[PDB]
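This report refers to the structure that appears directly beneath it.
Number of protein chains: 2
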Amino acid sequence: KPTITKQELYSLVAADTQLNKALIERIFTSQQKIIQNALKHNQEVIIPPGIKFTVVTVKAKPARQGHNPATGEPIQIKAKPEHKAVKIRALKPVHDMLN
Amino acid sequence: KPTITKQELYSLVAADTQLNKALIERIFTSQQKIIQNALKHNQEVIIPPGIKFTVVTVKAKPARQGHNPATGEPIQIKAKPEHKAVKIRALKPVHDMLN
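Shown next as structure tokens:
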């Protein structure tokens with residue numbers, strides 16, 4: 012049994028909720044933007060079925076200096092400066108989802 | 012800015028969509044029971060806004076003794092048995108949410 016896509020999820024929800032699949036997708040889009048707007052304001056969000064959205068800070072990687080092993084030619088890497096990233100954490104009900 | 016509770020999210024979605032909160036809650040309840048039922052059939056599922064749900068077999072890990080790096084306080088870590096676990100991975104839309 013293969014993976015269940017977002018678009019099949021919408022269909023499965025709509026049939027189980029007995030609601031218009033278009034209204035269903037309106038809901039998740041509203042959630043999607045609320046999650047987005049909060050994170051941008053460094054606000055954390057918990058969504059069903061128990062996932063926590065975090066804003067984490069990523070350390071800067073300095074610019075680096077190397078050589079091609081075969082040809083001895085130099086290669087370089089840009090410095091990737093420190094930035095903000097998004098982490099999700101499975102909460103209590105997601106761990107217990109198999110119980 | 013404080014964390015938005017799983018319950019506070021419902022209120023915000025209910026206002027943005029102009030749906031009643033109880034209608035919002037029935038949708039996510041249905042989404043939970045579909046995730047839960049598919050994972051218990053070892054089936055993968057993708058949910059908005061871009062999180063993938065996987066069932067993995069986690070190996071047994073023996074108990075170990077850690078240390079608070081700044082004080083040297085010992086901290087024991089209990090042994091985990093061989094268990095099945097729910098793993099969630101963030102996809103591109105979530106990792107791009109701050110962009």
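Here the protein sequences come in this chain order: A and B.
For the first sequence, the residue numbers in the authors' numbering are 12 to 110.
For the second sequence, the residue numbers in the authors' numbering are 12 to 110.
For every residue, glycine included, the Cβ atom is placed at its ideal position computed from N, Cα and C.
Assign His94 of chain B to one of three DSSP states: helix, strand, or coil.
strand
Give the single residue among B:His94, B:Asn79, B:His78 and B:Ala49 whose Cα lies nearest to the Cα of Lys70 of chain B.
B:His94
If I measure Cβ to Cβ from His78 of chain B and keep anything under 8 Å in the same chain, skipping five residues before and after, which residues do I get?
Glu84, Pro85 and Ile86
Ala101 of chain A and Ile62 of chain A look like a contact to me (Cβ under 8 Å); what is the Cβ gap, rounded to whole Å?
6 Å
Excluding five sequence neighbours on each side, which residues of the same chain lie with their C-beta closer than 8 Å to the C-beta of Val105 of chain B?
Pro60, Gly61 and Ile62
7 Å is my cut-off, CB to CB: does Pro60 of chain A come that close to chain B?
yes
Would you identify the three-state DSSP class for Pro80 of chain A, choosing helix, strand or coil?
coil
Kindly indicate which three-state DSSP category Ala101 of chain A falls into: helix, strand or coil?
strand
With DSSP as the reference, label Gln42 of chain A as helix, strand or coil.
helix
Test item: CB-CB of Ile45 of chain A and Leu23 of chain B under 7 Å:
yes
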